[PDB]
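Here you get one chain, nothing else, as structure tokens; it is the form deposited in one PDB entry.
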């Protein structure tokens, strides 16, 4: 209540929320993002048009001005293998590999711009696309391990290809695995390990210290990750969610360490330095990254006020069923909805005073949960100043374009 003036005072305004625009309004970001090695970029909800494009704008600014070259998104590591191929070679059909929810025009736009920047021969440093989610493990990941152990050691093939053969049909999706028994709790878990271990023994015979072998070991790890979270946790879902996000954490951090400066695109919940999804996740990736990189990890979160958006309804259908209702004046959403600006971002770290403690207290915010039902919170408590370094506020939003 008191001073929403400070928020107006330190609010670096955003002229527009359209991908193909000035991009100049984002200059304040240089010294703000500073010299961070990895940058979290979250979205309040997974189905708003303006949130997608505004994040798109920042990837644009961060790739061209701060030299970031990787874009780790909340998509399956495997699916992204076909996404990488596109931004680079232009071959393929992206919408086929994106998760139903992200099959929006905004995602295809974002991927198209990366391919364009990747086309100009002047840009000697290409932007890669990596997925950090592991909700399946398709054959693209397995052939990546096979083809390698044929170019560098066609002799181990009969040993590793035995286990991947028996692995493919049980990792095609989380249901085909969660519905096993000792198969899951044994053979498959340990087999993924025997494959990751095998490549280790013959490291010194597979161009170990090399850049392409590093990449192959990682694909193997994906099979461990998947195999790990599913089937191990029985009556303990908290472990599934926990191992799940330790995995996302692992794959982004892998990206940073081997591919360079990295952008981490995903839900606000997964990139905040604080666990705002406590009701299901014991700890989220953002915390792991922050604990590990320290301040080399900067998290920019997005927040909304008024609008409509896509979300699954109590029945299971995805569509423009969402409707923002920032009634609670104690929520960060109303207080930010007073700032008379269409779009604007503010560095929450440079706050001192009542504003500094208010930001560090705990207030409700739009949780942007994927599914809306009678027993699903639509808001959660969070210490904003402790969750994000930067915050991007967009007043009104509309449903993403899924057609």
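Positions refer to the first chain, counted from 1. Shifts are known only where both forms have a C-alpha. Rigid core: the largest C-alpha set superposing within 1.5 Å between the two forms.
Omitted from view is the form deposited in another entry, to which the following refers.
Practice task
Superpose on the rigid core, then report which one of 161, 306, 183, 328 has a CA displacement of at least 2 angstroms between the shown form and the other one.
Solution key: Correct option: 183.
Handout entry: Direction of Cα pair change residue 183-residue 161 in the other form, magnitude 3 angstroms or more
Key = Farther: residue 183 and residue 161 separate by 3 Å or more in the other form.
Problem - Residue ranges moving between the shown form and the other one (criterion: at least three consecutive CA positions shifted 2 angstroms or more, core aligned) - result: Those runs whose C-alphas all shift by 2 Å or more are 1-3, 182-186, 235-237.
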